[PDB]
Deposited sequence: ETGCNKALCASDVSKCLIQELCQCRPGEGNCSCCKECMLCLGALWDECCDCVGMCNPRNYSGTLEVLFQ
């Protein structure tokens, strides 16, 4: 479910912004989706936020 070719850039962008790092066990669950934008669908699995 994680298209590394499609997702690597924008997912890495969010990580170095310190987003998509809170665990869902959730705080940043939403600021992460904001950073991924249209690619939340295609890339949520890359961080398991779904």
- Missing residue ranges, deposited sequence indexing starting at 1: 1 to 2, 28 to 30, 56 to 69
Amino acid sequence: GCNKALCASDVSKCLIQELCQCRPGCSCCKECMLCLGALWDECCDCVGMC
From here on, numbers count along this sequence of modelled residues.
- Task: Please work out which of 28 to 36 and 6 to 14 has the higher mean CA B-factor as recorded in the PDB entry.
- Result: 28 to 36
